[PDB]
Every structure is written in C-alpha cells, then in structure tokens.
Amino acid sequence: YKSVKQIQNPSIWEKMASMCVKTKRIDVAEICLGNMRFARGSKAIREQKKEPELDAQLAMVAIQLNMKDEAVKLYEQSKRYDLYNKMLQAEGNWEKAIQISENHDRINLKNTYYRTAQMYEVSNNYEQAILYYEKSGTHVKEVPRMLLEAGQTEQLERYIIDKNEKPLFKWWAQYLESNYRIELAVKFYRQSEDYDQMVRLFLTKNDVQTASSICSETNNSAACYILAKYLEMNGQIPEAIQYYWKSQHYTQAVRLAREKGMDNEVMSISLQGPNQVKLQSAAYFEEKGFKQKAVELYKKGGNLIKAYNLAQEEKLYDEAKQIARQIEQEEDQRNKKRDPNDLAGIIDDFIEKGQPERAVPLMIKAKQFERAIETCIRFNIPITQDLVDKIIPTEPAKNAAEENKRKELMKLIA
Amino acid sequence: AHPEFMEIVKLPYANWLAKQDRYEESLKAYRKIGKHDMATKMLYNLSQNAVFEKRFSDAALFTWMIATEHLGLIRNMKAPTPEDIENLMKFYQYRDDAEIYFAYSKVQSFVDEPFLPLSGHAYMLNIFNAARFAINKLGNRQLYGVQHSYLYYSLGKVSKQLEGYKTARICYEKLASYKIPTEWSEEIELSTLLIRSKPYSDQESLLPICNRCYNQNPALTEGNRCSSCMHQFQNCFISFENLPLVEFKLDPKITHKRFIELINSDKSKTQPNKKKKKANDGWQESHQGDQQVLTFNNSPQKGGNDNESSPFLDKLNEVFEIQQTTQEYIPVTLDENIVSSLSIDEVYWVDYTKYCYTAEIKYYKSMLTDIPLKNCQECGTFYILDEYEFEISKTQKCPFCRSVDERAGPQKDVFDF
Amino acid sequence: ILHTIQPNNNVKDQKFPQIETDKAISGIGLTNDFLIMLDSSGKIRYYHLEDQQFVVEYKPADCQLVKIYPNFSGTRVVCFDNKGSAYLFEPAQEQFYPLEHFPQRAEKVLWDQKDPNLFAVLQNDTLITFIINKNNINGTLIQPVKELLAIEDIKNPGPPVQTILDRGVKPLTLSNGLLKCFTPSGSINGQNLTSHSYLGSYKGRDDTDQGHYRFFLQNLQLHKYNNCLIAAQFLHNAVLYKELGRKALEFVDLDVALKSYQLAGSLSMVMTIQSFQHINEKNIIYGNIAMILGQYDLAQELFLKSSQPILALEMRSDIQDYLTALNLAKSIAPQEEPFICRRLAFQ
Ligand SMILES: [Zn+2]
Ligand SMILES: [Zn+2]
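Criteria and thresholds
- Residues numbered from 1 in each chain as written, not as in the entry; some residues may be left out.
- Chains lettered and ligands numbered in written order.
- Part of a larger assembly, values for the part shown.
- Heavy atoms only, no water.
- Pairing = 2+ DSSP bridges.
- Helix = DSSP H or I, 4+ residues; strand = E, 2+ residues; numbered from the N terminus.
- Axes fitted to C-alpha atoms, helices over the stretch in contact; angles between N-to-C directions.
- Left-handed = near helix turned anticlockwise from the far one by under 90°.
- Contact = heavy atoms within 4.5 Å.
- Nonpolar A, V, L, I, M, F, W, Y, C, P; charged D, E, K, R; others polar.
- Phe/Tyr/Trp six-rings, centres within 6.5 Å; stacked < 30°, edge-to-face > 60°.
- UniProt positions renumbered as here; feature names shortened; annotations may be inferred.

Per the deposited record, determination of this structure is attributed to cryo-EM, with the resolution reported as 4.6 Å.

For this structure, the PDB header gives the title as "head module state 2 of Tetrahymena IFT-A".

Colleague: Quick one: what's the story with the sheet that holds strand β7 (residues 85-90) of chain C, residue by residue and with numbers?
Modeller: Residue and element names in this part refer to chain C. The 4 strands lie next to each other as β5-β6-β7-β8, forming an open sheet whose pairing is antiparallel. Every other strand in the sheet has two partners, leaving β5 (65-70) and β8 (95-98) as the edge strands with one partner each. Strand-to-strand twist in this sheet, taken as the mean axis angle between neighbours without regard to direction, amounts to 25°. With 4 bridges connecting them, β7 and β8 associate as antiparallel partners. Within the sheet, the bridge partner assigned to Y87 lies in β8 and is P98.

Colleague: For the packing of helix α12 (residues 154-163) of chain A against helix α13 (residues 166-178) of chain A, give the residues involved together with the corresponding values.
Modeller: All names here are of chain A. Packing of α12 against α13 leaves a shortest axis separation of 9 Å and a crossing angle of 145°. For α12 against α13, the interelement crossing comes out left-handed. Each of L156, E157 and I160 in α12 lies in contact with α13, whose residues at this interface are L168, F169, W171 and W172. Class assignment for the residues of the contact of α12 with α13 results in 6 nonpolar, no polar and 1 charged.

Colleague: Before we move on, can you summarise the sheet that holds strand β6 (residues 350-351) of chain B with the specific residues and values?
Modeller: Residues and elements named next belong to chain B. Taken in spatial order, the 3 strands make up an open sheet running β3-β7-β6, and their pairing is antiparallel. This sheet does not close on itself; its edge strands, each paired only once, are β3 (245-248) and β6. Relative to strand β7 (residues 361-366), β3 runs antiparallel, the two being bridged by 4 bridges. When the bridges of β7 are listed, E247 appears paired with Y364.

Colleague: Could you give an account of the packing of aromatic side chains, with specific residues and numbers?
Modeller: What the rule picks out here adds up to 37 aromatic pairs over all chains. Pairing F102 of chain C with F130 of chain C gives two aromatic rings, centres 4.4 Å apart and planes at 5°, and the pair type is stacked. Placement of the pair is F102 of chain C in the loop between β8 and β9 (108-111) and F130 of chain C in strand β11 (residues 126-133), with a sequence separation of 28 residues. Taken together, the ring pairs in this structure connect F169, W171, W172, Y175 and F188 of chain A into an aromatic cluster.

Colleague: So what's going on with the UniProt feature "binding site: Zn(2+) 1" (unreviewed entry) in chain B? Which residues, and what values?
Modeller: Residue and element names in this part refer to chain B. With numbering matched to this structure, UniProt assigns "binding site: Zn(2+) 1" (unreviewed entry) to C210, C213, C226 and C229. A maximum C-alpha distance of 9.2 Å among these annotated residues, which run over 20 residues, shows that they cluster at one spot. Positionally, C226 belongs in the loop between β2 (215-216) and β3. In contact with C226, not counting residues within four places along its chain, are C210, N217, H231 and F233. Tracing the chain through its elements places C229 in the loop between β2 and β3.

Structure representation (structure tokens):
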C-alpha cells in the first residue's frame, strides 16, 4: 500500500485489481476498485457481498474487469451454476444456458424459457414467442397480451380455435364486449360456461325471462345470487329469499326473512344451516312472541349449556331430562381434554407412544441431554454432528461443573 | 415392516422430489428432517423466481413459509433474549410482506386483464377495497415486487367509477408525482380536469368506521390505522372488507382455560337467580336508554352511539379517555367480571400453539354478533362465512394457508408426503 | 355567444360569457367538454360546459397575449405573445414554459392526432416540427428536430428541418405523419414531412449501408427506438451499439438499452440495468440513471430530493470523499457516523 500510494494511476489501479483477483484477495481488490472510482463495479460488489462463497465475489470482480473464461472457471470450481446460468443468459448464448440448466439445475428452466420467449418477442418472431410461451410455465395471458400489442387479431382467432380453452374464451368474450360485440361475446361466454356473464348481460337489458330460464336449468350458485340481488331491487322478496337459500348464502336470506316477518322459512333454512345462523334465528324467536319454538330450536341447536339453562328457566320436565343427559355427555367430552392439559398430555402421551425421532428436538429444547442420549441408544437413533454440537455447545464452559457435564456427555456420545 | 428405519428412504425420496418440480414437498420433507439451511436458501431462490415471474400468490406462500421457519426458530427458549424479539419482528414483517404480495396479486390480476366498461358493482368494490388496503398497509416501504403505480392507477379508475372524489384527487396527485408510461398520461390529465369540477367531500357510506371509537376515517390513513386513536383494522382476505372486531388482552395470573369453565358457569348461574344478571342488565339498559347522534364534517364524521350501557363499553370509554390523556397506545387489560358478562360465540382468539407451544395468544371480540366470522387457525386468517362456504365449495383448498379443507378427510397420507 | 344546435324548444338562452370588460375575446377554443377564453387584458380562463364555472384562471400570463392554440383534449396549449414570443401552458401544472427558436410570423399551429407529443407550426412558406419530451432525465425538453448526415461525429445544435410548401396552398391538418395538403382543382395530397419521409421511404428488405444509416439517424432524431435497435442489429459495429445503449439509457428506455448492451457483449451494465428495471421509485430511478451514466453530484442532488438520502450517503461513501460524505452524514443521518469514520482511518 505504501509503495502504491506514491504513484497512483487508473491503468495501474486496474492492473492492481487484476493481481488481487489472480492472488485470491478480496479486501485489497475492494480498495483498488474504490481508488478506481468506478461506481458501477462498486455497486455490483456491494450487491454481491451477501454471499457465503467468496468464489462468486471473485468471479463478479473478474466479469466486472472483463475476464470471462476465468469467471467461468471460478464458477465451475465453486460448484455454482445459477450465477453462471445468469451470466450465460446475459452474454447471449441462450441454447447453451438451456442445456446447462436442463442438465444441472432443472429449477430455472421455466425462467430461461420465459426469458428466451421475451427475447424472441423483442425479435418480433411471434411464432417462436408463442411456442416458447407454451414451453414456459404460463401461456394463457402472455400470448393474448403480446398479440394485442402487435394488434394482429386474426392469428389470435386461429390460436384460440386451436387451443380451445375456457380462459381464452372468457378473455376473448371480454374483449368482444369491450368493443360492443354483444352476440359473439355471449357465444364465447356460453362456450366458457360463465353463467354469471349471461345473467348480467340479460339483466343489462332487463330480460329477466331468459335469465330465469338459464338459472333454472343450470342451477348455479352465483347466478342465483346475482339474480336475487336484482330481485332485491325488483320487489321480489319471496323469490329472492328462495334463490338466496338455493345459493347457500344463508345469512342474507335469514335476515331478510326475519326483517319481513315470515315464520316457516326461517327455521326451515336454519335447520340446514351452520351453527351461528341457528343461534341467531333461535335468539330472534326468543324475541318473538312464541318462545316455545325458540326453546325447540335451542334444543336442536349447537349450544346445549344455554339449552339446559333455559330448560331450568321454563321448568319443564321431559325436555329437562333429555337436556340433562345431553349436558352429562357434553361435560364428558369437555372433560376429555383441556388446553394446557393438552400441552402436558401431548408431551407425555407423545413420549409414551414412541416416535423418538421427533421427540429428540423436544429434549434438545428441554436440555435433557441424558434422556436424549438414553433414547438414542434405546431406539438406535443415528447421532450426527449436528446433534452432537446441538447437545454440546461450541462455546467454552463458564463453570467447572459445566465443563465436567460437557465432558461426561461427550464421552457418552463417543 | 421395519418401524426402526425411516430416514433412509426419505432422504433419497427427498432428493428425488427435488429432482421433479414438486419443490414444496421437498421443502416439507427437509423441514421434517431438520436440515433447513439449504432448504431456506432454495426457498428464498424460489420466492425470488416467483416474484420475477409475476406469480405473487406463490411468492406470498413462500414468504409465509419463511415466516413459519423464523417462528420455529423463535421456539428457541422463552427468556427475554434479543434474538427472540428480532425474530418476532422479522416474522411480523414477513407476514406483512405476504399480505402485500397477495393484495398486489389481486390488483395485478385486475389491471392486466382488460377492464370491462360495465363491470359488476361488487367486483369493482372489491378491487377498490383491495387497492386501498394495500396502499394503506405498504405506504412508502417500496419493497421488492411492487411498482406502486398500478395500485394508484387502479384506485383512481375505480374511484372515478365510484365517486370517491377526494381519494381520486389524492391518488391522481400521487400518480402525477409518479412516472407513468405515455399511454396513460393524456388520460390521467383529462380525468383530473374532468374531476376538478365534481363535488368534493366524497360520497359517504363507503368510508370505514373504526371499532371502539364509532368515528369515521378517511380511506387513506397512513399505515392502516384510524386517525381517532391507535387501533389496528381487520379485513377479510377474500373480500377485503372491514371487520367489526376489537382486540383485548387477558391477565397473566388467571389461566385462560379454567377461566373458560368459570365464565361458562357464570353465564349458567346468571339467569335463573333472583339477583338479576349483568349480561341482561346491559341489554335492558341498551333497550331503555338510547343516545344516537351524528355530526357532519368535510372528511370526518363523529358517531355518538353509546346507547348500549355495558361494563365492557364503559371501561372501553374510560380507557379511551386515558389514551387521549396520554397520547400513547396501551392495550386494554380485562378482569374476570367483564368476560363473565361476555359469552362463548363472540370470542375469536387466534392461536399459534401449533408452530410454537408457548409463544403468544391474541384475543378478539366482535361488536356485531349477527355477522358470522370464521378464523382459520392454520394461517390465522379471518373470513366472513357467507363467502367462505362459497370459496370452499369452489375449491377444497384455503387460499392463504394452502392446506386441505376441514370437511374433506385427511389427504396428507404417505403418498402425499 | 353560445348556442345549442339540436334543441329549439328550449326558450332559455345560454349564459353569456365575458365580464364587465365586455370586449372582443382575443382567443376562443372549443374542446370536447371545456371552453378556453383569452382576453385582451392578457388573462386566460377555462369554462366547464356542464357546470358553467371558471375552473382555471391565469391573470399574469407574461406581458400580453395575441394568439392561442389549444390541444384537442385541452391538457396542452400554446400561446403566441407580443414581439413574436411563444409559450407552452399546462392547466394541470399551472406553470408556463418558454419556447425557443420560433419564427415571428408563423400564423397557425397544427396538432398531431396520432401522437400528442408531436406538432407542427406553419410559416408562410415553411413547415417546422416540434416535439415535447417528459421522459428526458431532469429535463422537460422542447427542441426543433435537426437534420444531420454525419456518422455520429457531432451532437450539437444546428439548423432545424424545414419542409418546403408550395405557394398558395394550405394543409388542413397533420395526423399519422400525414398532412392534408390542399391544392387547386380540389386535390388532396397526403405528402409527408421531411422527417418521416425517409422513415416511410425505407424498406429494409435487402438493406443498405448509407441509406440504412440515414434511417437510423432519423429514428434516433424521432426517438423511434425499435427502428433504432433493428438498425443496430443489422450492423454489428460495437461503437454504434454503445452509443445507442447510452442514448436509450439517457431517455429511460430501459429495455432497448439492455438489449443493445447485451448485443454489444457487456454484462456489468446489464445486471445494473435489470436492478434498475425492478425499481419504479421515480427520483430513485432518475438519480440511479444519472449515477450509472454520467456525473455524480447531480445524482446526489436527485437522491436528496427523493425520500432515501441514505442512498446518496452510501454513493458518496463509494466516491470516498471525506468532506461531502461526512458532512452529509452529519446533516441527515448522524447514526451511521462510526462505520464511515473507520473507512477514513484506513485512509
Ligand atoms: Zn379509532
Ligand atoms: Zn386458512
């Protein structure tokens, strides 16, 4: 350093960096590049500093100073190909990168195909672009996007006819309705079986008859849902409630029926519904004049502790005994297990059943090294170096007893 | 036939799985084995690949896997060691990254596909909600994957289609300060000029209302938090709609699980007794006396709704006054009486006992008992049921946790593993 | 005065414009939904047809206004002022931009329907073409496009390109690079400007050398970078590749620049180009481009103007300047004082 200081020169600086690269020293190379005041190479170095392998950093420096074959040799020596794959993609030989990824990686092959397809699209060879898009992971959206970017629709018609895929039909029909091609969009939607699209198109022109026929013959959940949405503004509350029930949207139908005050529909649909709607409907019936139906729904509901409480409140006898037996059962399943008792019981029962291989991490966490070694000897568990230095910390023992226990465990492992 | 040798077939099987495209099975096999260094490295590589290939859903899933791995590392001890805190904040940050990735995936799926001139009202409402939530959550972090321009453009378009004049103006100013391709420029100045003459003060009935406050809030309020106080919002991930949820904490002395039994016994004893009951006293006080006041302003609206006279709400108001006095956030700590006045169904506690046996637990209460909420504990995600059954019927896999549905039988057999 | 063509049943006349001045309006402009009024006092006003209100006002507007020409959409407008001055006005930004190298007797300006950036000004005998550039680094560029035959030897201001028009003929409008020239006997000639004329004359089937280079030069003049990259890929010269890559990077055309640099055979720039392609943050990209291409102080200024001055601090630490880096670190983020200090200890 003190000899270099007296002269300084950019050619001298790059020569110094070359010697540093060939001698396998990095920090002095970083100092030389800093003296170069080459911001691009320094940015590349700072980006590449997050690598445990110094060979990759040296190859980065070499490719920064334009030593390509030395960088290739360093990549081969480091058993690293993904960085070499990126370099080979960047320089231009795509087929060589494809072969290297196929025979070594098999991970970035789809990315290589996508990048080659993008390069082909830049080259404007659309046939190669669509071919490599098919070879790539995704082709449903890349092809139509690039094909409208070119603006040539007719070969896109050819492609959608050849492929015959539902997403392609949906996208093409959306484009048709964008340019107000209503009839062909309807035909392509029919080919795509998106019945919500036909329903919304028919309700755009208020043609409720055809939409009703279509929803009656298809019987789709979302189509009935949106048709009931329209019926809400159409003043068709009973048919809307029926369609909402058919669409498995229980909450809206039950709340609407409660708001408008109908009786048989609400429990008829709550019997087939989840627990929450059952509880809400039973509470609503408790608000209603006849609380007997509320009591019955609570009896058939998912909550029985409250059912027992209200059975005592109403001081009946037969249903009191029925709910008493049910509460005895519920107390039994609740006594089956608790949550902290769950932790302790899973630990102990897990030890009891066996599976020592997943028991070993628990003992590592609990520091019961002697029990872990006893279990390993008991079930012939292989003791690898990771287990050895997990049981025995690499830090020096602070206490004499700590070192004695460490030595005892180490000789037991031996 | 030989239960004593397991790994000897798994490791060659793990290598073979790595050979094929079933990388997630290789990840789970490596996690079961224990060697996760190269597993985490290759998972980070896959996350980078998924982000580059615009597969933001797979990127969010990979970031969730990374966060779960960091939490499994958090399992190490429970004493107040700085590694625990740094790993916990890393886990929170990775969860935020996963959510912002999912939101950007949704908005990108919207923007990439050509927009319908006459689209569904619910669809565009959902798109607007997703864009607003993503903008609020991200704000200025400019993390890896988000260009920050698609969100603003989509929000502006959907606001122009749904009034939202103030939000439209704010996002249009942001996009003007932003750089846009020349295709959308003349359109953006034309839209700004047209909207300049439209009436201001938004359109009401769309702004979220923060719980425990009953105060209106603007759509864009920094990092997803109401301006009135310091309280985190909750949104269903399918619909991106604000949830009526509040957060409360439990005492460290009382154990929650004997507490469940005691509180249930409290509800049972408080009904046939002649000493009345606090739970029904609250309902009767709400029914008898009712105060409902509304005040209009430019951006905000103050909703004075305190009709429901319950001990929980009284203590909540007192704590809110304390927060105003201190101007700092202190989470509410509750005693046995208040929860004794509570019930079983409304609690929606989130548990992480699967990944770590004893790390933390969060407790949430729903103000509106009529709306049903389902909490997926595999991913700890809240959903409104009404679309949750439809989503489960459409596909037997939960969107975020990416695991099998509860209705179907165990599919993760030896073949799947 | 205003009028409605379709209805005659309505008996309510349109709200009369103008103010107590009640003088002849110097400039009137109809757009799809806006009306532009320019009065003799030197004030410009915008009027919404539906609301009948003055949305935009500008009183100062230099010394005095004479003539006006608005865009078909209204987002752009050009103003001709006394002593033959010219200005460009944007209602969105509410700020003027002076115009340079304009003739003092040109009477009309024709916008381009194909590209809002390009427009033309018609002198009594000559036609000039102007473009508006907003993607230029740290600059909103307006410049009369030149004509040049040198082989990338000089990049300096020169004579503007002029299209010779016949006597007593008036082109109706300019669109798609085609001008609707009108000549007697009712003849409409599309013709072409002598900037796009060589663009349309080029075929490139068998390709040439001098004509190909002229085509590349005119594409670079008109920023048709796809034609530029194809013209580059025909001729494998490395210096042209480097020049095209630098020019594309200068106009934040990142894909063309990366393709040119990849074809050249250089990678150290392409990794940085991809890293810049990831980021969308705007002052960040502009400062990164300034740093990657040329000077460093302007990149530092852009980074301070952004919301990440720590990027400028680390860039200055890269430059290894004691005074600038240390003073900036103390100014913005004094919590990183130790590490940089250690560096200078090595120094
Ligand atoms: Zn609040
Ligand atoms: Zn889930």
